[PDB]
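Note sheet for the following structure.
First the proteins, then the strands, lettered A, B, ... as listed; each starts at 1. Only this structure's heavy atoms are used, side chains among them; waters, hydrogens and symmetry mates stay out.
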Amino acid sequence: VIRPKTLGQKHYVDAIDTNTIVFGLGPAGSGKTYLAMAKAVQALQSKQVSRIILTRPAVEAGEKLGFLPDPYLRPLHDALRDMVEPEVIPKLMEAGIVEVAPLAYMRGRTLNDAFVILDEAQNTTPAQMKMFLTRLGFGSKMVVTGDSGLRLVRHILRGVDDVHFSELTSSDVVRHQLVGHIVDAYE
Amino acid sequence: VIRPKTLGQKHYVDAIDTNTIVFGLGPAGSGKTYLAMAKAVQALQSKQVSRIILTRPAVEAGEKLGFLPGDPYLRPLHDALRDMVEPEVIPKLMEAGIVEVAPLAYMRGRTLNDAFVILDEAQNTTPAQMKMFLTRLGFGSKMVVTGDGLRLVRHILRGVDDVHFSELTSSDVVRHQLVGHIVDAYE
Amino acid sequence: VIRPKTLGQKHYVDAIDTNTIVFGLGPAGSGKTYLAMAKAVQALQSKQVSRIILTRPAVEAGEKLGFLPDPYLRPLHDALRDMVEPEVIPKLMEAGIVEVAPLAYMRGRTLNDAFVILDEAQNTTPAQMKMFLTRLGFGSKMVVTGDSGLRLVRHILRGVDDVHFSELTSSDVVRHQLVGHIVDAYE
Amino acid sequence: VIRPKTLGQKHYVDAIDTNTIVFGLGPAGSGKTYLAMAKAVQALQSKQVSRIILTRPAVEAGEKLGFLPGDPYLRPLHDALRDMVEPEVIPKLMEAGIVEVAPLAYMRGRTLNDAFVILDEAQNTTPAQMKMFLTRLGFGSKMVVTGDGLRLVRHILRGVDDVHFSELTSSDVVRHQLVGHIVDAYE
Amino acid sequence: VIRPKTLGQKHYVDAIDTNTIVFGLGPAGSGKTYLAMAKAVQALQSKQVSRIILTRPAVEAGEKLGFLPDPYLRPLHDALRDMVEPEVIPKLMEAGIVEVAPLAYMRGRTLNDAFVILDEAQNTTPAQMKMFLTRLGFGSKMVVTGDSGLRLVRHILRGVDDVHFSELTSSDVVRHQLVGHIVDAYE
Amino acid sequence: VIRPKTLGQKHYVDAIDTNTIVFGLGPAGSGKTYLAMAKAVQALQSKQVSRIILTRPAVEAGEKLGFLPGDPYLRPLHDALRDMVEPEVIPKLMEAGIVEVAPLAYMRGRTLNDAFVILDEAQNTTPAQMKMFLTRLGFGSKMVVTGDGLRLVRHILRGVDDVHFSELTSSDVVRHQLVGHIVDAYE
């Protein structure tokens with residue numbers, strides 16, 4: 001049911017198959033996070049990896065400082081429901097086969113035999129990103145997705161092989177058409 | 001058991017059948033919330049959707065503010081499920097997230113695919129909150145927004161296709177006759 | 001094992017069979033609460049209703065103000081033990097087939113296919129009582145039991161049909177005879 | 001295993017058999033509490049009653065007041081059940097409420113039908129609390145009040161039939177001989 | 001796998017078989033606590049007792065006052081692992097067949113059909129010790145183990161029969177030889 | 001899957017096989033902690049030991065003090081088990097205490113028999129803490145102390161037999177090639 005529906009979505013998924021680390025950069029709705037998650041589940045289901053780690057930084061665009069350094073994690077739990085049977089999800093969560101966690105919980109780990117997705121990566125620092133990327137173990141895949149910040153790594157890893165940058169655009173944004181019609185109505 | 005009883009009710013359920021987003025506006029007891037939920041449960045059972053999300057804003061008419069902004073208000077939504085689902089199945093549906101009952105704030109950042117979503121007590125919302133709600137619409141989903149800044153949406157979306165406004169009236173309020181007799185005694 | 005043992009107890013139960021709402025008014029020990037509960041269980045066991053809701057107001061006669069607006073609810077849980085197998089009780093409580101709760105938790109509900117008992121109703125206001133009585137759905141029964149307050153509704157609903165007032169008296173108070181002998185000893 | 005050993009003990013258990021309320025008064029170690037409990041368990045097992053309620057007041061001789069008035073004091077009642085019930089069955093009996101171990105305050109407002117009820121450490125009660133306890137008596141129940149304002153009840157109920165006072169003495173205190181020898185060593 | 005390995009260890013265990021109360025006094029490593037625990041488990045496994053109670057006083061040598069009158073109890077839980085299958089342990093703990101608790105939780109009990117071990121008894125007062133020893137029921141064994149304090153009871157119960165004092169010494173201390181070699185290295 | 005890859009790694013695992021205590025000292029990524037754990041799991045599985053205890057001190061290089069002295073630091077030890085144990089078995093091993101992951105403070109007063117014990121991040125320890133750790137050694141156990149007051153132990157125990165020091169170097173650091181390339185990009 002969950003397939004790429006634009007050229008740029010096909011290219012993106014094709015990059016994930018052929019590269020160990022992929023950056024999916026694009027606007028909300030372009031499949032950058034969603035399609036990565038679907039490949040993660042595909043990978044787990046076909047035993048290419050033994051676990052899936054979904055992560056996000058504790059900072060959110062245009063939100064006020066909330067804590068002293070879970071709502072932000074809810075969309076990650078929610079999108080799993082389209083890809084895994086909802087009753088199996090708590091089983092996976094308990095065994096830690098699927099892990100949904102803040103970026104801070106990655107520190108000092110080596111992530112082997114895993115599909116790791118760092119989402120909303122625009123909200124990261126270069127130092128936090130270095131920490132994430134260097135968690136990479138053997139037999140794993142990383143997808144870093146987001147919508148200076150990670151313009152530094154885009155530049156810094158421009159020549160590195162087995163890394164890929166996919167730029168999705170407004171043209172890759174496939175929504176139910178009522179969303180557009182409603183948004184226009186508000187404008 | 002659960003059925004449209006008035007012409008207005010029949011027309012409403014017919015609108016839910018034929019539209020992706022329906023606004024059920026009427027007085028307490030007109031079936032605006034109840035019949036939406038019965039259709040949600042019907043959709044789930046016949047696999048038209050794989051989950052039900054029931055939601056209300058954290059604000060109620062003529063009640064004093066109760067917290068630092070951002071369960072008592074949600075209790076009646078839980079309660080009405082008991083009419084439609086076998087009460088022992090309910091906690092396992094809640095546990096698996098197949099039925100979700102949650103505050104509107106918990107909708108932020110989501111895309112609701114393959115879901116029957118009901119926002120209740122929508123008169124207690126603002127334009128901005130409504131716009132956030134409606135734009136959560138994913139694919140294969142249904143939304144029913146029910147209430148008794150809503151007037152503003154009535155206007156904004158009045159030209160939009162696959163959206164429908166169903167006005168229910170006092171004439172659609174079907175209660176046990178004793179309720180009216182007791183209400184009169186107190187008059 | 002739990003039968004009416006005076007004329008007035010028989011009449012009371014006979015009112016519950018033939019009326020949608022019944023007020024059982026009498027002193028402690030007359031069966032006003034106990035016998036209602038037994039009919040509720042009878043109703044549930046024979047599938048005339050699908051759930052039982054037992055409720056009480058947060059105010060108790062001659063007790064000091066305890067909270068900021070569970071001990072009071074304990075006798076309701078306790079009397080269920082005479083009527084349901086104690087090991088089944090937690091099962092019923094979890095599925096919400098049996099609900100023991102304060103009166104406040106009734107607000108905004110419609111109680112369908114239910115046997116509802118508001119106990120210690122002397123401790124209610126006319127406004128709280130109006131709220132309770134207007135919760136009545138279809139296929140339900142209500143028994144309001146207690147020992148101005150509800151003298152107002154006694155007056156106000158004196159002419160209403162399918163409502164009944166049963167006055168039990170000291171003559172309906174059937175205790176183990178040792179209770180009387182001990183109470184006399186204290187006097 | 002558990003048996004009356006002295007004449008006084010035999011007479012006591014005989015009183016429990018033939019009376020609805022028994023007062024077992026004696027020193028620690030005389031079997032006043034233990035043998036009541038053994039009879040309670042026997043009653044439950046042979047279906048003479050469907051539950052056991054064990055209760056103590058929240059007050060103890062020569063102990064400083066421990067809380068704002070109205071588990072350590074209750075631990076020995078739990079402990080003695082281990083002698084009479086298979087230890088793994090105990091939590092399921094507690095969970096089903098078939099065995100209840102609770103403070104006297106939790107008795108208020110109840111009618112205890114089909115129950116074997118033991119109020120222990122009753123010397124620590126007042127007339128008013130005792131009167132509240134005894135008047136919880138329902139039908140098909142047994143009460144044993146045991147202790148080492150009780151003197152006042154001895155007087156008040158001394159004429160009452162189906163109540164019995166059993167005085168146990170030092171002569172009924174059957175302990176392991178080593179306990180006495182050690183108590184002497186310390187003298 | 002867990003046997004006495006010195007003459008003094010054999011004598012100790014032989015005292016436990018032939019006496020109702022035994023004091024095992026010796027340095028860390030001599031088997032005084034460990035071997036008592038092993039006999040307790042032996043006793044439980046062969047149904048000579050129906051439960052095992054391990055206890056320790058809330059005071060520890062050369063530690064600062066920690067609380068207002070669990071780390072201290074951890075070695076007791078830990079040593080059970082050598083004697084019981086680790087997965088069975090939580091089962092035993094839940095049914096209270098094995099009890100690991102502070103000395104305070106013994107107060108007011110009678111310990112029947114039990115193997116009781118008070119460990120680190122050097123940290124006890126004569127009054128606390130009197131309380132412990134007088135908990136003794138029928139069909140039970142007590143071992144008090146430790147490394148004035150209990151010199152008073154050593155003196156006080158010197159003539160009492162069915163009590164025994166086993167003095168283990170440095171000669172009874174059997175460790176892995178690397179422990180000695182490492183300790184010497186530090187010296 | 002998990003194997004020594006460099007000469008240094010082979011030699012290390014060989015030392016663990018032939019010695020009761022091994023010190024694995026090297027840089028992050030040299031397999032000093034990981035390969036110890038893999039041998040621990042292997043020991044458990046082949047019944048050479050009946051439990052695994054993984055431990056770290058509550059102190060980390062260049063991190064600010066985080067509490068009043070005496071889970072984030074422990075997370076990577078939990079994580080690495082996922083590589084060696086079936087993730088669903090992990091919580092049941094934790095629940096049964098067959099795998100223990102704990103702070104060094106939790107070692108005090110124990111004798112670790114029939115166990116594979118790994119103290120990690122041992123560079124963060126003092127002489128006194130190390131001495132406490134090593135002297136927990138029981139019979140049929142293995143200890144691996146791994147790190148990147150340790151220098152002092154290297155000296156103190158350098159003559160001791162059945163203890164071994166394995167120095168791993170940068171040459172033993174086997175990572176995914178992309179990690180190095182990314183580390184360079186950032187340089």
Side-chain angles (χ1 to χ4, degrees), chain D residues 1-3 5 27-35 37-38 56 60-64 66 71-95 99 101 120-121 124 146-148 173-187, chain E residues 19-23 44 49-53 69 88 90-99 101-114 116 125-142 144 152-164:
Chain D
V1 295
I2 319 150
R3 273 173 194 173
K5 289 149 164 147
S30 62
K32 95 212 109 54
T33 302
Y34 201 80
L35 288 177
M37 290 181 62
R56 232 127 94 124
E60 178 194 342
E63 298 308 302
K64 286 147 75 162
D71 271 5
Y73 204 50
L74 292 178
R75 200 166 296 278
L77 286 165
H78 280 93
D79 196 52
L81 280 172
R82 313 294 210 192
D83 293 342
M84 300 156 201
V85 183
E86 284 281 290
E88 62 279 32
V89 186
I90 298 173
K92 28 220 298 160
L93 289 197
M94 308 295 321
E95 277 146 26
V99 181
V101 177
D120 196 24
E121 305 294 318
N124 295 342
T146 61
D148 179 341
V173 178
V174 186
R175 287 173 177 152
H176 200 288
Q177 76 209 49
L178 251 188
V179 169
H181 288 125
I182 286 165
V183 166
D184 292 340
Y186 271 81
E187 286 168 13
Chain E
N19 292 275
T20 296
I21 299 166
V22 169
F23 289 78
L44 179 67
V49 303
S50 56
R51 60 164 168 171
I52 291 167
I53 307 179
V88 194
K91 298 208 182 281
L92 298 187
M93 303 292 315
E94 285 165 35
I97 294 161
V98 174
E99 200 186 317
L103 181 52
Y105 287 27
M106 296 315 104
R107 281 221 61 107
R109 300 220 228 152
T110 308
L111 296 176
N112 292 302
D113 192 21
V116 198
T125 64
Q128 276 159 342
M129 176 73 77
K130 205 212 202 184
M131 183 275 294
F132 175 75
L133 291 169
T134 54
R135 295 312 92 214
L136 179 75
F138 290 95
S140 305
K141 291 250 185 220
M142 308 183 149
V144 170
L152 268 177
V153 79
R154 187 154 144 248
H155 180 254
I156 284 140
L157 315 166
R158 66 185 140 81
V160 182
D161 295 326
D162 216 22
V163 174
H164 191 92

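In terms of heavy-atom pairs under 4.5 angstrom with chain E, the leader among D/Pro87, D/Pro76, D/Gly180 is D/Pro87. In terms of heavy-atom pairs under 4.5 Å with chain D, the best-connected choice from E/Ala95, E/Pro126, E/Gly96 is E/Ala95. Contacts with chain D were tallied for E/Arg135, E/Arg51, E/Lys91; E/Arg51 has the most, counting heavy-atom pairs under 4.5 Å. Between chain D and the residues E/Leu136, E/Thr134, E/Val160, the most heavy-atom pairs under 4.5 angstrom are made by E/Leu136. Across D/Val89, D/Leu178, D/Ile182, D/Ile90, the residue that shares the most heavy-atom pairs under 4.5 angstrom with chain E is D/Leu178.
Heavy-atom neighbours of E/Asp162 CG from other residues, nucleotides or ligands within 6.0 Å: above the threshold of 12.
Using a 4.5 Å cut-off between heavy atoms, E/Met142 does not touch chain D at all. Proximity to chain E (any heavy atom under 4.5 Å) is shown, for D/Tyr73, by neither the backbone nor the side chain. Heavy atoms of E/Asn112 lying under 4.5 Å from chain D belong to its backbone as well as its side chain. Looking at D/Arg82, only its side chain comes within 4.5 Å of chain E, counting heavy atoms on both sides. The part of E/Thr110 that comes within reach of chain D is its backbone (N, CA, C, O), which places non-hydrogen atoms under 4.5 angstrom from that chain. Looking at E/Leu152, there are no atoms closer than 4.5 Å to chain D (heavy atoms on both sides), in backbone or side chain. With a 4.5 angstrom heavy-atom cutoff, D/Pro91 touches chain E only via side-chain atoms. Heavy-atom distances place both the backbone and the side chain of D/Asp79 under 4.5 Å from chain E.
Rounded to the nearest 0.5 angstrom, D/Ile2 CD1 and E/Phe138 CZ are separated by 12.5 Å.
Contact between D/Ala185 and E/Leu157 at its shortest, heavy atoms only, is CB-CD2, 3.7 Å.
The stretch residues 176-187 of chain D participates, sequence neighbours left out, in no side chain to side chain donor-acceptor pair (under 3.5 Å) pair at all.
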